[PDB]
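Data block below; observations after.
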Amino acid sequence: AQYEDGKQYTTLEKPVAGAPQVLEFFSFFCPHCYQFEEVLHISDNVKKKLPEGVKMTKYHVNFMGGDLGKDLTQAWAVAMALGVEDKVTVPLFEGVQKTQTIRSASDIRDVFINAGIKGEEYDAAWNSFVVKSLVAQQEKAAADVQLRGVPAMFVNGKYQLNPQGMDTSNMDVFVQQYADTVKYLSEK
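Using the entry's author numbering, read the sequence shown as starting at 1 and increasing by one per residue.
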């Protein structure tokens, strides 16, 4: 067939009940994740092609970058809680990988401040139990799918995208194949 299990996607032998419809994992330390988000805009092109009524969830992971890596999962929880993801995603990626000016929790905080989030507001969120549970949600989703590498995308807790079965000669064409595959899986 055109889409075949084991080629553009794999099926989880051990399906995850109650998972988000479309779930993407990344790390701000992850070089391919930087490409995905900053150069390819995968999340966005996927979204533009998802059928109506299917929402997109994106979580940060702990297993890259050590201590700063966990800080970034907590910051991403703050980003989700305040709804400021589209204001901090670019400066966090560039701060960690381009300028390498993010070296501490305080440097992460600076990015949110630069972005117009008030200090009081950031700190209150950082220390909140609502953010603690969002950190918990991210860690559990990653644990549920055996997650050991990023970037990664899962559809309905049952299917995992397999971009390595895709031509990358053209960047535009790869992104749409990726997006079209997510839509296919989402209609399954």
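Note that beta-carbon positions come from the ideal geometry of N, C-alpha and C, so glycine has one too.
Return helix, strand or coil for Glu187, following the three-state DSSP convention.
coil
Under three-state DSSP, which class holds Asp5?
strand
For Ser169 and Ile42, I'd like the C-alpha separation in whole angstroms.
16 Å
Within the continuous beta strand (DSSP E) that includes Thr57, where are the two ends?
56–60
Alpha-carbon spacing of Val78 relative to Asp123, whole angstroms:
9 Å
For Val175, which residues in the same chain have their Cβ closer than 8 Å to its Cβ, ignoring the five residues on either side in sequence?
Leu40, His41, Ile42, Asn45
Do three or more CB pairs link the stretch 51–64 to the stretch 131–139 at distances below 8 Å?
yes
Of the residues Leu50, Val182, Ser104, which one's Cα is nearest the Cα of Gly69?
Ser104
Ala136: first and last residue of the uninterrupted alpha helix (DSSP H) it sits in
129–144
Does the stretch 24–31 come within contact of the stretch 144–159, defined as at least 3 CB pairs closer than 8 Å?
yes
Assuming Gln2 and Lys55 are in contact, meaning their beta carbons sit under 8 Å apart, how far apart are those beta carbons, in whole angstroms?
Going by Cβ atoms, the distance from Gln2 to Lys55 rounds to 26 Å, so no, they are not a contact pair.
To the nearest angstrom, how far is it from the Cα of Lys158 to the Cα of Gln35?
25 Å
By how many angstroms is the C-alpha of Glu121 removed from the C-alpha of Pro15?
38 Å
How about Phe29 and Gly65: are their beta carbons less than 8 Å apart?
yes
Residues near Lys183 by beta carbon distance below 6 Å, same chain, minus five either side
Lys49
Exposure label - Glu13; buried when at least 16 CB within 10 Å
exposed
Check this for me: beta carbons of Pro31 and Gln97, under 8 Å apart or not?
yes
According to the neighbour-count rule (16 or more other Cβ atoms, all chains shown, within 10 Å of its Cβ), is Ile108 buried or exposed?
buried
Cβ pair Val111, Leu134 closer than 8 Å:
no
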